[PDB]
Amino acid sequence: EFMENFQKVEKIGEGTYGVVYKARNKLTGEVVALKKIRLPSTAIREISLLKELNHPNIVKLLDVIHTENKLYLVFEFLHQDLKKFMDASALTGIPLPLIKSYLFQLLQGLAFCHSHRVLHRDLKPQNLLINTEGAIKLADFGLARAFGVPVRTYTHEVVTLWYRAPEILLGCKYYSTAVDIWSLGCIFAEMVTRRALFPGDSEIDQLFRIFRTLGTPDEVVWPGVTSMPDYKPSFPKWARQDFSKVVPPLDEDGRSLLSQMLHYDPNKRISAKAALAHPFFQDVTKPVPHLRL
Ligand SMILES: Brc1ccnc2ncccc12
């Protein structure tokens, strides 16, 4: 009966966890994103707590509905995701000032959630949503704690590894907020170069692409790494590349920030809060993007 206290309902696409619909609420007339999650009470409690986790760079969670043994998440509707926008921007690139504005807003969103001890764990361009007024917002915060992150979606589509922090790939049991900083660093590099930084197609391909760029990690740069569940002494030993080669034509400030976002040691990785104070953002602005809706 649920899709009846919506005036109507059409299909935006296929989420990690279920189908995503565009729908209108009949009481309010508001246009929302409705996500079906297919199948647990602990998840219900934790996801309901995210209704309070409100920030202008976090996609608003309007309602959590458990009915007929199905879960529906009701979110703020935004017209476009950063994946589509980057694909639309492929011939020209996103202008640097807009890249800087989006990174700045995304760090404010991360700083807010992290301050409340909530992490994302699965940041990717597809869950960064943009509006006509130059805002960017993080979608699906705190869901990964609730439902985990599967190898495959409900439609068996492969869940992307491209943004996964090395601690996760090496089998670390405990996530820290540093996993989100790693993901956002990967997205920053992709906005600048118009190519994914580490487009792995398996867990080992993902790790070896990271190794070939940043060097094979060792006890020098990452104390304890040789004791991680999935670390092998037999890993090939690649040398580190200069960031000047990895993200041209990013300036010294941006390369400095990106380097701190991609430190192997999660402890050494820059926080969201300290990243907001980085000299890269001294001249930050809020440009209006060119959106075709
Ligand atoms: Br609008 C929209 C589109 C796609 N995925 C989304 N995920 C969360 C909230 C809004 C979304």
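Numbering starts at 1 and runs along the sequence shown. One-based numbering, in listed order, for ligands and for the atoms of each.
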Output block, N or O contacts of ligand 1, threshold 3.5 Å exclusive:
residue, atom, partner, partner atom, Å
ligand 1, 7 (N), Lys35, NZ, 2.4

Indicate the ring-plane relationship of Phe281 and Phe104, choosing parallel, tilted or perpendicular according to the 30° and 60° boundaries. tilted
Which atom pairs, donor and acceptor, lie under 3.5 Å between side-chain atoms of residues 123-131 and protein residues at least two apart or in another chain?
residue, atom, partner, partner atom, Å
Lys124, NZ, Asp122, OD2, 3.0
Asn127, OD1, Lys124, N, 3.1
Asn127, ND2, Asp122, O, 2.9
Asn131, OD1, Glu133, N, 3.0
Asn131, OD1, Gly134, N, 3.4
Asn131, OD1, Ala135, N, 3.1

Given a cutoff of under 4.5 Å between side-chain heavy atoms of I, L, V, M, F, W and Y, with clusters grown through shared members, what are the other residues clustered with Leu161? none
Qualifying residues under side chain to side chain contact (heavy atoms under 4.5 Å, CB included), relative to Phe2, sequence neighbours excluded: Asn5, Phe6, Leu34, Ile65, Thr67, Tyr72
Within the supplied structure, the quantity of interest is the number of heavy atoms (other residues, nucleotides, ligands) at a distance under 6.0 Å from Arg24 CZ; does it exceed 12? yes
Between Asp205 and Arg209, does any NZ, NE, NH1 or NH2 come within less than 4.0 Å of an OD or OE carboxylate oxygen? yes
